[PDB]
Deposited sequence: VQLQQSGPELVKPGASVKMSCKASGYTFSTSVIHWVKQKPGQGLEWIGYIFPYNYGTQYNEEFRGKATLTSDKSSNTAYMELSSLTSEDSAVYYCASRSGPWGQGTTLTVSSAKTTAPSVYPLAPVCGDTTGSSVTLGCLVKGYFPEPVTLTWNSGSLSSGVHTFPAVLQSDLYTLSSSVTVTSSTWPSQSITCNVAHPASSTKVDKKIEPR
């Protein structure tokens, strides 16, 4: 059994958002679903829970007028609606089953700022040869990074993004043997959901 959450969202302040959490046909219709908030580099905060059959809920007093927990029995889906969104609502939100599973999380960015497409640059070097990929100037978070569509994953270090100043930037390194590159092809594959961009950049000597 596993819980699949809805994709990331960027919403303007004052507006409202609705997230989904879906499990297999069994567990959800009998188990309690909790909702938890986690701000980057911080601990966990319980928002509330919802009961299966009876549609009964319980809220943390801090979220009384912020969150609203609902469930669709027919589709095995629990929802969380957050209202009058503030920068303080920018965080990762998880759903957690009383019977064990947790969702992957849904990232929420509360910002006035505009959706920017990322600039993708191939980092060519000047036993093993290290290659790179720079992902500069994009908004909001997150982005997805793979090497050669996925056939390269072993010797890879993907780094977290940093904020400066509108606008986020992150990098990734791939260390393969001196014989592997440039005899065989190594390409970088970046994807930003918000800007609807899918970039593929070949690392060239």
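- In sequence order, the gaps in C-alpha coverage of the deposited chain fall at 127-132, 212.
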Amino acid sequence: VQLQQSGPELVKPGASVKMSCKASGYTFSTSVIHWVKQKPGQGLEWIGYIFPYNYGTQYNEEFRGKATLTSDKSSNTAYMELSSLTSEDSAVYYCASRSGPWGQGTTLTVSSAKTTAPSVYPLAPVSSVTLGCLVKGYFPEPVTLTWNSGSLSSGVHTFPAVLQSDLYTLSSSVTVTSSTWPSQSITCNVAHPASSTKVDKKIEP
From here on, numbers count along this sequence of modelled residues.
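- Set 89-97 against 69-77 and average the Cα temperature factors; 69-77 ends up higher.
- Per the PDB record, of the two stretches 53-61 and 166-174, 166-174 carries the greater mean B-factor over its C-alpha atoms.
- Among the modelled residues of its chain, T158 has a C-alpha B-factor that falls in the middle third according to the deposited record.
- Sort the chain's modelled residues by C-alpha temperature factor and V11 lands in the lowest third, per the entry.
- In the PDB entry, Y138 places in the middle third of its chain by CA B-factor.
- Among the modelled residues of its chain, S127 has a C-alpha B-factor that falls in the highest third, as given in the PDB entry.
- Per the PDB record, residue ranking by Cα B-factor puts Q38 in the lowest third of the chain.
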